[PDB]
Amino acid sequence: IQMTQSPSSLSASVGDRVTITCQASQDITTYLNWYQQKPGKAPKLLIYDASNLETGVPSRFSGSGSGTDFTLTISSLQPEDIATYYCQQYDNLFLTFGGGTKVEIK
Amino acid sequence: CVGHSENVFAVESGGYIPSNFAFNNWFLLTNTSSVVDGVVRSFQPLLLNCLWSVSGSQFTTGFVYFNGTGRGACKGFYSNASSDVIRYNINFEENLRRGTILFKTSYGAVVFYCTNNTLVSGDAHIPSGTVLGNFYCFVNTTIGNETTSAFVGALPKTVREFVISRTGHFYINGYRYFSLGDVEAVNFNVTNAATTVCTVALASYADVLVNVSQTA
Amino acid sequence: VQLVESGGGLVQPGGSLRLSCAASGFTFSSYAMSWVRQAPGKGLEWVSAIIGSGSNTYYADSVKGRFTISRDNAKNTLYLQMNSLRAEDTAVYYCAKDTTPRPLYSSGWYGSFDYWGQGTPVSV
Amino acid sequence: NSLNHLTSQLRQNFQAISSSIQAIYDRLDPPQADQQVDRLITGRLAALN
Amino acid sequence: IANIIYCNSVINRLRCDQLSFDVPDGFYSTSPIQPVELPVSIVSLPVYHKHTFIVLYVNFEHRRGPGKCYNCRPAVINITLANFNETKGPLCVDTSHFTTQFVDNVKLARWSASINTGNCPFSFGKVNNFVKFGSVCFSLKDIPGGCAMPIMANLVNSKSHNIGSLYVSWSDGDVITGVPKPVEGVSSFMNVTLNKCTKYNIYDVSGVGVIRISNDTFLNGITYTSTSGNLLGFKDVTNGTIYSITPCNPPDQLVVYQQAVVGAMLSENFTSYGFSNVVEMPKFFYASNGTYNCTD
Amino acid sequence: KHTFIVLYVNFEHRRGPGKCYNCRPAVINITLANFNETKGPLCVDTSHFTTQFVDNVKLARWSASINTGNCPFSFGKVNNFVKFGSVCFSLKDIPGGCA
Ligand SMILES: *[C@@H]1O[C@H](CO)[C@@H](O[C@@H]2O[C@H](CO)[C@@H](O[C@@H]3O[C@H](CO)[C@@H](O)[C@H](O)[C@@H]3O)[C@H](O)[C@H]2NC(C)=O)[C@H](O)[C@H]1NC(C)=O
Ligand SMILES: *[C@@H]1O[C@H](CO)[C@@H](O[C@@H]2O[C@H](CO)[C@@H](O[C@@H]3O[C@H](CO)[C@@H](O)[C@H](O)[C@@H]3O)[C@H](O)[C@H]2NC(C)=O)[C@H](O)[C@H]1NC(C)=O
Ligand SMILES: *[C@@H]1O[C@H](CO)[C@@H](O[C@@H]2O[C@H](CO)[C@@H](O)[C@H](O)[C@H]2NC(C)=O)[C@H](O)[C@H]1NC(C)=O
Ligand SMILES: *[C@@H]1O[C@H](CO)[C@@H](O[C@@H]2O[C@H](CO)[C@@H](O)[C@H](O)[C@H]2NC(C)=O)[C@H](O)[C@H]1NC(C)=O
Ligand SMILES: *[C@@H]1O[C@H](CO)[C@@H](O)[C@H](O)[C@H]1NC(C)=O
Ligand SMILES: *[C@@H]1O[C@H](CO)[C@@H](O)[C@H](O)[C@H]1NC(C)=O
Ligand SMILES: *[C@@H]1O[C@H](CO)[C@@H](O)[C@H](O)[C@H]1NC(C)=O
Ligand SMILES: *[C@@H]1O[C@H](CO)[C@@H](O)[C@H](O)[C@H]1NC(C)=O
Ligand SMILES: *[C@@H]1O[C@H](CO)[C@@H](O)[C@H](O)[C@H]1NC(C)=O
Ligand SMILES: *[C@@H]1O[C@H](CO)[C@@H](O)[C@H](O)[C@H]1NC(C)=O
Ligand SMILES: *[C@@H]1O[C@H](CO)[C@@H](O)[C@H](O)[C@H]1NC(C)=O
Ligand SMILES: *[C@@H]1O[C@H](CO)[C@@H](O)[C@H](O)[C@H]1NC(C)=O
Ligand SMILES: *[C@@H]1O[C@H](CO)[C@@H](O)[C@H](O)[C@H]1NC(C)=O
Ligand SMILES: *[C@@H]1O[C@H](CO)[C@@H](O)[C@H](O)[C@H]1NC(C)=O
């Protein structure tokens, strides 16, 4: 079980609607989560069940899906975002994260 | 037992044990926990139908039933009805890990043996969590044209008395280890007889008040 | 809430390490836990897992036969007993804490983690 | 006789689940075992009285 | 608030327990603090041992669809009790040993499933503490005259929900016993620690005490008890050794004079309560800061 | 925050050839207000609550009532400032509770 995150890295400015698609290589149907990686920090939680905003983060993130097409998106990027994003599934005892993505200064 | 002809005594009229007998290797039967010192009242198998010796008797008794069939040459008062407890007596530091014990029920014969070598048992019940380098005992019931085996547990280095009830209760040194179900008869196949088994007593329950000291 | 790790360094292939982790501010004995790693400039992959009771442990396929996991519920400790490193164990480790609190006797599911410590890097 | 009467009061269940305080906590959860131990406490304080 | 006293010293502890700021001169009872890190000792009779697992499975399905709610109740709830079957009869145990394990297969995060005690004289998880039964049967369908165990589902810091039940019929007796698990070779027949206060369960009698070797040859029985019923000793039905059991903190007596603790009569041969001198009297040891340079 | 636990009791003696009284009635339309029944027993989640017992028993000579059962409290007496840590009501059994 794996998940492909593409594109690997994209540069974006303040206000754009950034998007990442986490291809979970198979259907899990709700068991997923997302994380925020500002460089040099331990990963922090962003989204769980692919739907629920972690209350330690502002509400400007969202994601949905049904199948393998589960996504994560930004409404309007705010300047301090410039971070890496990772997805994971929690269906199985053998849980495998994805390759990652980035939003970068511009 | 041994010497006196009283350690193998003559029971008085009515079935009472004489008031001067020292109760050497006669245990107080307990069911959860044993008393050390004190005075206790209990229903105990001490009313003797009739009591015979095996050591020095040359009879060996063959097989003993509850209803009086298979009695030895018992001395003193002898009652002629059915008992519900049979008591076998054992010598000084003698043990029973050198043979077999045969119970017989209305549903078939039931064997009881003990050996740590696995080639005697066959079906070994896989008793996990035990020390494989020492002895444990087993049971071998028969269904007539059929027979099954089971692991029962452990018996100590030293046995001093063995008591069996009509409803299957199985006591060693005063504690009930097993419950074998209803039985008709019992016989003690072990070698070096006439020394390993000292006396056999047919008895029934009665209300008694007992001095006990040092659990004896 | 506070989370911290300990025990990272540099050892020879096949050696041993006492990776450690400590926690404070929450009921340690009732939450599931899982060690997760990240090779330098690579993705994140699950390593090992443990439920609140500690009755069973779960291991990764490539990690099998090398590392084992345990805690001590008495004084809030958690470990990876490490053995038999090959070449590619170089990474940073995290004792990620599972969100769900579970009854102390139950064996239940797991796999979503709220808080991560400072991270502990190791190499072979 | 007074001491024997006092020591015999320790086998009383007092209609608690069991006469052993440790056995109650081995059988029941803390919010339920407290309501069972309280019977032994009240009964044995009566024995001392 | 007029004045306060911290219950930290030995004299203040006695004042706090006696619940008075002034304590008259005399001899007061006291018990040392029990150690909390307590090993476990188990002794049991080897018996006919077949073993079954009373496994309860709980998992409930959350409707994935239009309404993406999370703080609501799930759509469906299957509960199972392993080899149970409604059309053949209630399931229960004939083997001597058994264990109860609760499997919470709920997959959702920030979620859990639990079981309550209900009106039943024992908990589902506490059967693994060497409990006796004569016959006990479980069933997801009601058993008349039995006990009911409510099942729960809990969102963290949110209203909990009831999703089912579990009915148990019990008639306590000495035929079958619950154990935590069939262990991978570790014996449940003789595994004890010595000279350390431990929580024991020896021949199905449980408590806290200290186990020692003995000098007695008591022939009869395997468990020896006091009139109160407490366990004084036991025998290993192998070699036959006798062991003794004693509480790890027996009562002491403190001698108090002029609102200060001047001495202490101890059960054993040590310098307790901070005193630098201990002497042996005919029936107890006594510790104090005295020099025996006194006449009155 | 206030909640009304309103029990409704409506029943009728069967319309038909039997103009009976002393024998049992037939239709038992009891409704527990907000009880949608697919979302668990009605657990109150407001600071304050009160209970109402409304019957629409139109038949004369007939009356509706409730009985205490084994409950440590009564349906009509809960309004006397009785305290709970949680409370739920349901037409079907809520096993482990009181009836
Ligand atoms: C309600 O939950 C129960 C408990 O999990 C579900 O029953 C279980 O369903 C799985 C289906 O894979 C069974 O596992 C399979 O068992 C066979 C042997 O029977 C084995 O060959 C397969 O490899 C696999 O392990 C499991 O045994 C079964 N358990 C029981 C107690 O029936 C049930 O399907 C769930 N139903 C609904 C409608 O949610
Ligand atoms: C059983 O009894 C219940 C009440 O205990 C009956 O429900 C109630 O029926 C009346 C009929 O006049 C409803 O009045 C109207 O209802 C609609 C909504 O249902 C509303 O929009 C109207 O303004 C008006 O109030 C009454 O409200 C209704 N109760 C509820 C809570 O809706 C029911 O009809 C009886 N029969 C059966 C078979 O259930
Ligand atoms: C030990 O427990 C057994 C089982 O309860 C007792 O067996 C009873 O024994 C009496 C005679 O002592 C019989 O009349 C009963 O019929 C037996 N059956 C039952 C079901 O109780 C036995 O008495 C107990 N005591 C001892 C000392 O073994
Ligand atoms: C006492 O017990 C003996 C032994 O069980 C009984 O002996 C049986 O007697 C019948 C008589 O029809 C014989 O067919 C059996 O072969 C004997 N059985 C055994 C096992 O030897 C005896 O009948 C019993 N008597 C009383 C009065 O109870
Ligand atoms: C017992 O009955 C048999 C019947 O033959 C008899 O021989 C024996 O003497 C009887 N004993 C007594 C004491 O009645
Ligand atoms: C017990 O029976 C089994 C078969 O059930 C057999 O292998 C074994 O030899 C028997 N042993 C004795 C002592 O009867
Ligand atoms: C019993 O166990 C011992 C343990 O060392 C073993 O050597 C022996 O073969 C077994 N049999 C007998 C008869 O002692
Ligand atoms: C009784 O025991 C001996 C061994 O002590 C045995 O040889 C004999 O066969 C046994 N008796 C019967 C009837 O099997
Ligand atoms: C005794 O119990 C402890 C704790 O369960 C265990 O670690 C140890 O291995 C046991 N001893 C034996 C001899 O199995
Ligand atoms: C051990 O017991 C024996 C027999 O009662 C006794 O003589 C001896 O004094 C005891 N030993 C000790 C050291 O207490
Ligand atoms: C008590 O302790 C002292 C000093 O440690 C020692 O000399 C003395 O023999 C002990 N007495 C006993 C009865 O153990
Ligand atoms: C006893 O005297 C010693 C002398 O150093 C002192 O440390 C200790 O606190 C004194 N204790 C009491 C209770 O007087
Ligand atoms: C003992 O007491 C006397 C007074 O009663 C005192 O003078 C003396 O110094 C003390 N000490 C010794 C060692 O005699
Ligand atoms: C309760 O609500 C669900 C929809 O949420 C509906 O399907 C069901 O029929 C309702 N039942 C009742 C008795 O109102």
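Values quoted throughout were computed directly from the atomic coordinates according to the rules given, and no laboratory measurement underlies them. Every residue, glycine among them, receives a Cβ derived from its backbone with ideal geometry; neighbour counts consider all protein chains shown.
In a GNM of chain E with a 10 Å cut-off on Cα contacts, which of E:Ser169, E:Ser135, E:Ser276 has the highest mean-square fluctuation?
Comparing E:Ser169, E:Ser135, E:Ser276 in a Gaussian network model of chain E, the most mobile one is E:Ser276.
If you line up the Cα atoms of segment E:154-296 on their principal axes, what length do they span on each, largest first, in Å?
On the principal axes, segment E:154-296 reaches 76, 56, 32 Å in Cα extent.
Tell me which of B:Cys137, B:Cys74, B:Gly38 sits at the most positive position along the dipole axis of segment B:19-173, charges placed on C-beta atoms (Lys, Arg +1; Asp, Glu -1).
The residue sitting farthest along the positive end of the dipole is B:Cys74.
Run lengths n ≥ 4 of DSSP H only: what is the helix-derived mean residue ellipticity at 222 nm for chain E, with -39500 (n - 2.57) per run over all residues, to the nearest 500?
Helix contribution divided over all residues of chain E: -1000 deg cm²/dmol.
What's the average, rounded to a whole number, of partner chain beta-carbon atoms within 10 Å of each residue's beta-carbon in B:131-144?
Averaged over the peptide's residues, the number is 1.
Peptide E:45-56: average number of partner chain Cβ atoms within 10 Å per residue?
The per-residue average across the peptide is 4.
Please check: in the Gaussian network model of chain E (C-alpha springs, under 10 Å), which one of E:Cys120, E:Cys16, E:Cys248 has the largest mean-square fluctuation.
It is E:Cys16.
Within the set of other residues whose C-beta is less than 14 Å from the C-beta of E:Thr223, count the net charge using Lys and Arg as +1 and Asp and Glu as -1.
Spelling it out: positives minus negatives among the neighbours equals -2.
Got a sec? How would F:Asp55, C:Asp89 order by Cβ neighbour count within 10 Å, fewest to most?
The order, fewest Cβ neighbours first, is F:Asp55, C:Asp89.
Give the average, rounded to an integer, of partner chain Cβ atoms located within 10 angstrom of each Cβ in E:278-288.
0
How high is the FRET efficiency from E:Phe284 to C:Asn83, r the C-beta distance, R0 56 Å, rounded to 0.05?
Computed FRET efficiency for E:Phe284 and C:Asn83: 0.55.
Could you check the simple spin-label distance between A:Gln23 and F:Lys1, using points 7 Å along Cα→Cβ, in nm with one decimal?
Reported label-point gap for A:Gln23 and F:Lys1 is 4.6 nm.
If you put +1 on each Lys and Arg Cβ and -1 on each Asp and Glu Cβ, how big is the dipole of segment F:1-61 around its Cα centre, in Debye rounded to 20?
About 380 debye.
For the protein assembly as shown, just the Cα atoms, rotate onto the principal axes and tell me the three extents in Å, largest first.
112, 101, 76
Just how large is the dipole of chain E about the Cα centre, in debye to the nearest 20, putting +1 at every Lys and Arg Cβ and -1 at every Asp and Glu Cβ?
Once rounded to the nearest 20, the dipole reads 1520 debye.
Which order, highest average first, do B:25-32, C:93-100 follow once you tally other Cβ atoms within 10 Å for each residue and take the mean per peptide?
Most protected by this proxy first, the peptides run C:93-100, B:25-32.
Using just the Cα positions, wrap segment A:1-89 in a convex hull and report its mean projected area in square nanometres, one decimal place.
5.5
Hey, how many Å between the Cα centroid of segment E:163-222 and the Cα centroid of segment C:59-81?
So the two Cα centres are separated by 30 Å.
Let's see if you can work this out: charge +1 on each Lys and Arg Cβ, -1 on each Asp and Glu Cβ, no other charges. What is the dipole magnitude of chain D about its Cα centre, in debye to the nearest 20?
It works out to roughly 220 debye.
Under a point spin-label approximation (7 Å from Cα along Cα-to-Cβ), what is the F:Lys39-F:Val82 distance to one decimal in nm?
The modelled label-to-label distance comes out at 2.5 nm.
Tally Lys and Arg at +1 and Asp and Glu at -1 over the other residues with C-beta under 13 Å from the C-beta of C:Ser34: what net charge comes out?
Neighbour charge sum, excluding C:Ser34 itself: 0.
Among E:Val192, E:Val262, E:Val131, whose mean-square fluctuation peaks in a Gaussian network model of chain E (Cα, cutoff 10 Å)?
E:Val262
At what distance in angstrom do the alpha carbon centres of segment B:64-90 and segment F:13-54 lie from each other?
74
How far is it, in nm, from the label point at B:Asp182 to the one at D:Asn1 when both lie 7 Å from their Cα along the line to the Cβ?
Output for this residue pair reads 4.8 nm.
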